[PDB]
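Below you'll find the structure, written out as structure tokens, and then a few comments.
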Amino acid sequence: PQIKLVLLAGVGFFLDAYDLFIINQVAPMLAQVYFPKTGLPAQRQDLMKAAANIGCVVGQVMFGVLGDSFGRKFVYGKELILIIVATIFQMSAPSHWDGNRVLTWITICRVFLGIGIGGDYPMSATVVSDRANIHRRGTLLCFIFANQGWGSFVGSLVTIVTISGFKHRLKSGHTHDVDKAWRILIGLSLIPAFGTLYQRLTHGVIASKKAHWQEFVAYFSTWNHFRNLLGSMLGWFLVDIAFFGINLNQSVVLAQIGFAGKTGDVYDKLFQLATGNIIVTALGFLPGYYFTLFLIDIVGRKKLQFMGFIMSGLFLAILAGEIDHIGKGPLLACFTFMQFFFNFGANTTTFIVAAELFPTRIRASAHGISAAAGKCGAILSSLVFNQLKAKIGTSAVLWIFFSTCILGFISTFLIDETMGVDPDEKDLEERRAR
């Protein structure tokens, strides 16, 4: 009855999160094929990874305007087939082109892939909070956001099982078949995608649009009402810098650690790297959502956001100051703890807070702005991560993600705690006094 709605959101949020972080495990496969000596060129790699995040905001704009003036009934499944088509053209990049052309071929696909991802955001937010107007809504939201861990986890689980299947003999001799591997990692998202389709299947516009804008400006022209937007935009902007800047390039960081290898065949190289991703995502990235799941409505959003920023920042400082002076062991845990504390702290909080602060009359614009700000932080680091790594050093970049944590720690002060607070009644009692 009511449950079948939120599960679909989790599926759509498992799907786009999957496709989003899969690149982190496909990029090493493309290198071994089309760039074995010199690794993936920095700029060419970064654009491909930021593509889906760049496409993710233009999809919000495009599907946002086509939601006001209807081209389809809430444009449902339209976003889903666009990511499917984009997903297909990725894997079907013909095997005999050049290396660089295939890369540029994939980036374009991920942009349109992102466009579909931006259309699913108004689903996850609005279907729960405003329809329910009930306490402890956040516990329901975090369950959907937990699918982000499954997307990155299943992507890691699918990878190790796929590589182990090819390793039985085929890797000992046939090395180009890794070209098939990355095509399968992208392709397996079609089976749930087709299941979703199977579930989907089974005049005064400007005058009315500019009317709610005057109301929006009047609301957020008040200090107490204005500061709440900053915290939502800032925190989300800063996490997605380090969150996506790392998770989209998580395999690259693991390569800086002893996880690289320097010995073994091509299979051992791929399996160890896939072994690292599955460990970090199972021990930190994913459970941080479920730790968040059991405590947001007990401890509070801001309180976890502080910890998320301050702890992930703490370990980010240990990494940078000791990445070039300490072995595989200590550096691994601080990295997993960091990923643990992103989703256990600010990464999940920034998403939930943006929907719990604002009255329903303006929640649509604010959540879209804050999310877009988060995507900008996602695309910034994603677009520039690997480039700086060669120009400035990996430690220096980690000190940057450290500062974004402190700023997010500081920025969290601007937020009102939303535990048990109905934002609608908040507006009423305020308007009564005046």
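Every chain in the structure tokens takes a letter, A first, then B, and so on in the order presented; its residues are numbered from 1, and the ligands are numbered from 1 following the presented order.
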
When you look at region 283-294 of chain A with a cut-off of 6 Å (counting only C-alpha atoms), what residues show up, excluding the ones that are within fewer than 5 positions of it in the same chain? I need them as a ChimeraX atom specification. /A:139,142,146,149,336-337,339-340,343-344

DSSP-assigned alpha helix (DSSP H) members of region 11-227 of chain A, reported as a tab-separated table (two decimals) with C-alpha atoms, in the first residue's frame:
```tsv
chain	number	residue	atom	x	y	z
A	11	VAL	CA	15.28	1.71	-6.50
A	12	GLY	CA	15.57	4.92	-8.50
A	13	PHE	CA	18.05	6.13	-5.89
A	14	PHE	CA	19.88	2.81	-5.92
A	15	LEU	CA	19.96	3.04	-9.71
A	16	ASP	CA	21.37	6.54	-10.19
A	17	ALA	CA	23.78	6.17	-7.25
A	18	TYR	CA	24.98	2.89	-8.77
A	19	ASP	CA	25.56	4.41	-12.21
A	20	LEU	CA	27.13	7.47	-10.56
A	21	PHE	CA	29.91	5.69	-8.65
A	22	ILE	CA	30.48	2.84	-11.15
A	23	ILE	CA	32.98	5.00	-13.08
A	24	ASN	CA	35.35	4.71	-10.12
A	25	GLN	CA	35.73	1.00	-10.95
A	26	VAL	CA	35.43	1.21	-14.75
A	27	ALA	CA	38.19	3.82	-15.16
A	28	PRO	CA	40.99	1.35	-14.21
A	29	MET	CA	39.63	-1.10	-16.78
A	30	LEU	CA	39.73	1.50	-19.57
A	31	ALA	CA	43.31	2.32	-18.57
A	32	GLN	CA	44.53	-1.28	-18.80
A	33	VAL	CA	43.07	-1.48	-22.34
A	34	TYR	CA	43.49	1.86	-24.10
A	42	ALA	CA	43.92	13.77	-15.92
A	43	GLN	CA	41.57	16.19	-17.69
A	44	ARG	CA	39.98	13.48	-19.82
A	45	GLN	CA	39.31	11.33	-16.74
A	46	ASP	CA	37.89	14.13	-14.57
A	47	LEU	CA	35.38	15.33	-17.18
A	48	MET	CA	33.98	11.82	-17.61
A	49	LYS	CA	33.39	11.51	-13.87
A	50	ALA	CA	31.93	14.99	-13.40
A	51	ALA	CA	29.78	14.50	-16.51
A	52	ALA	CA	26.99	12.68	-14.67
A	53	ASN	CA	27.16	15.26	-11.88
A	54	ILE	CA	27.19	18.12	-14.40
A	55	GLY	CA	24.33	16.49	-16.28
A	56	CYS	CA	22.60	15.98	-12.94
A	57	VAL	CA	21.88	19.69	-12.43
A	58	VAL	CA	20.87	20.55	-16.01
A	59	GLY	CA	18.42	17.66	-15.72
A	60	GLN	CA	16.93	19.36	-12.67
A	61	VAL	CA	16.52	22.56	-14.71
A	62	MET	CA	15.21	20.85	-17.86
A	63	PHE	CA	12.85	18.46	-16.06
A	64	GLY	CA	11.95	21.32	-13.71
A	65	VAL	CA	10.59	23.54	-16.47
A	66	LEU	CA	8.92	20.58	-18.18
A	67	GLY	CA	7.25	19.86	-14.84
A	68	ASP	CA	5.70	23.32	-14.68
A	78	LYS	CA	11.07	9.58	-19.47
A	79	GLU	CA	14.07	10.18	-17.21
A	80	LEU	CA	14.42	6.40	-16.87
A	81	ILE	CA	14.67	5.61	-20.58
A	82	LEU	CA	17.17	8.46	-21.05
A	83	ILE	CA	19.60	6.89	-18.59
A	84	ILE	CA	18.97	3.48	-20.21
A	85	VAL	CA	19.77	4.80	-23.69
A	86	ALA	CA	22.77	6.65	-22.25
A	87	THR	CA	23.78	3.47	-20.39
A	88	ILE	CA	23.61	1.42	-23.60
A	89	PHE	CA	25.66	3.80	-25.76
A	90	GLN	CA	28.38	3.72	-23.08
A	91	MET	CA	29.00	-0.04	-23.17
A	99	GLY	CA	41.51	5.37	-26.72
A	100	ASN	CA	40.78	9.11	-26.53
A	101	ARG	CA	37.75	8.91	-28.82
A	102	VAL	CA	36.15	6.23	-26.64
A	103	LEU	CA	36.66	8.41	-23.55
A	104	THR	CA	35.02	11.46	-25.14
A	105	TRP	CA	32.33	9.03	-26.31
A	106	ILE	CA	31.64	8.01	-22.70
A	107	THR	CA	31.67	11.51	-21.18
A	108	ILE	CA	28.85	12.71	-23.46
A	109	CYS	CA	26.74	9.69	-22.50
A	110	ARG	CA	27.20	10.35	-18.78
A	111	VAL	CA	26.06	13.96	-19.21
A	112	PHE	CA	22.72	12.85	-20.63
A	113	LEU	CA	22.81	10.08	-18.02
A	114	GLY	CA	23.01	12.84	-15.41
A	115	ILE	CA	20.10	14.69	-17.04
A	116	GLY	CA	17.89	11.73	-16.17
A	117	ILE	CA	19.35	11.56	-12.65
A	118	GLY	CA	18.29	15.17	-12.02
A	119	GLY	CA	14.66	14.31	-12.80
A	121	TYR	CA	15.20	14.23	-7.13
A	122	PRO	CA	11.70	15.79	-6.76
A	123	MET	CA	10.38	12.24	-6.32
A	124	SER	CA	12.44	11.27	-3.27
A	125	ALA	CA	11.87	14.54	-1.39
A	126	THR	CA	8.18	15.35	-1.87
A	129	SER	CA	7.57	14.62	4.11
A	130	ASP	CA	4.75	16.80	2.77
A	131	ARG	CA	2.34	13.92	2.19
A	132	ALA	CA	2.85	12.73	5.78
A	137	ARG	CA	9.97	11.44	8.81
A	138	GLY	CA	13.77	11.59	8.64
A	139	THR	CA	14.17	7.91	9.51
A	140	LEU	CA	12.09	7.22	6.40
A	141	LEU	CA	14.25	9.53	4.24
A	142	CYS	CA	17.57	8.04	5.37
A	143	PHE	CA	16.39	4.59	4.27
A	144	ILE	CA	16.11	5.89	0.70
A	145	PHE	CA	19.46	7.70	0.92
A	147	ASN	CA	20.58	3.10	-1.39
A	148	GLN	CA	23.53	5.35	-2.26
A	149	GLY	CA	25.69	2.92	-0.31
A	150	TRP	CA	24.16	-0.05	-2.11
A	151	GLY	CA	24.82	1.58	-5.47
A	152	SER	CA	28.51	1.94	-4.66
A	153	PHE	CA	28.58	-1.39	-2.78
A	154	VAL	CA	26.78	-3.55	-5.35
A	155	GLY	CA	28.98	-1.87	-7.94
A	156	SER	CA	31.95	-3.15	-5.95
A	157	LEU	CA	30.35	-6.56	-5.34
A	158	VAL	CA	29.44	-6.92	-9.02
A	159	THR	CA	33.03	-6.05	-9.92
A	160	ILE	CA	34.86	-8.64	-7.79
A	161	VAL	CA	32.47	-11.40	-8.88
A	162	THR	CA	32.85	-10.37	-12.53
A	163	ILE	CA	36.65	-10.30	-12.34
A	164	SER	CA	36.76	-13.63	-10.49
A	165	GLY	CA	34.64	-15.12	-13.27
A	166	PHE	CA	37.03	-13.88	-15.96
A	167	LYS	CA	40.08	-14.89	-13.91
A	178	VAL	CA	38.49	-6.76	-19.75
A	179	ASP	CA	36.99	-4.64	-22.54
A	180	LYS	CA	33.89	-6.80	-22.12
A	181	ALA	CA	34.06	-6.49	-18.32
A	182	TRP	CA	33.47	-2.74	-18.04
A	183	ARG	CA	30.69	-3.08	-20.61
A	184	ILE	CA	29.00	-5.59	-18.29
A	185	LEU	CA	29.39	-3.43	-15.16
A	186	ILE	CA	27.50	-0.64	-16.92
A	187	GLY	CA	25.05	-3.04	-18.56
A	190	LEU	CA	19.51	-2.40	-17.30
A	191	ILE	CA	17.89	-5.37	-15.52
A	192	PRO	CA	16.56	-3.28	-12.58
A	193	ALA	CA	15.95	-0.44	-15.05
A	194	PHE	CA	13.67	-2.67	-17.13
A	195	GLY	CA	12.07	-3.87	-13.90
A	196	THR	CA	11.32	-0.26	-13.01
A	197	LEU	CA	9.71	0.40	-16.40
A	198	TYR	CA	7.75	-2.80	-15.77
A	199	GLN	CA	6.78	-1.11	-12.48
A	200	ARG	CA	6.11	2.31	-14.05
A	201	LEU	CA	3.92	0.62	-16.68
A	205	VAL	CA	2.52	30.47	-16.97
A	206	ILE	CA	4.86	33.43	-16.53
A	207	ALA	CA	2.32	35.45	-14.53
A	208	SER	CA	1.83	32.57	-12.09
A	209	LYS	CA	5.54	31.68	-12.00
A	210	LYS	CA	6.64	35.21	-11.12
A	211	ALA	CA	3.93	35.33	-8.43
A	212	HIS	CA	5.47	32.76	-6.08
A	213	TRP	CA	8.86	34.40	-6.69
A	214	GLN	CA	7.76	37.61	-4.97
A	215	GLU	CA	6.63	35.44	-2.05
A	216	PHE	CA	9.94	33.54	-2.07
A	217	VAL	CA	11.98	36.76	-1.98
A	218	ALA	CA	9.85	38.19	0.83
A	219	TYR	CA	10.26	35.06	2.97
A	223	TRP	CA	17.51	37.04	8.72
A	224	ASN	CA	16.27	33.99	10.64
A	225	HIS	CA	14.56	32.72	7.48
A	226	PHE	CA	17.58	33.61	5.32
A	227	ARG	CA	20.32	31.88	7.34
```

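Straight-line separation from CA of residue 333 (chain A) to CA of residue 314 (chain A): 12.5 Å.
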
Would you kindly return, as a count of residues only, each protein, DNA or RNA residue with an atom no farther than 6 Å from any atom of region 231-247 of chain A, considering only C-alpha atoms and excluding same-chain residues fewer than 4 positions away? 17

Just the residues within 10 Å of residue 172 (chain A), please, counting only C-alpha atoms, with nothing from its chain fewer than 3 positions along; format it as a count of residues only. 8
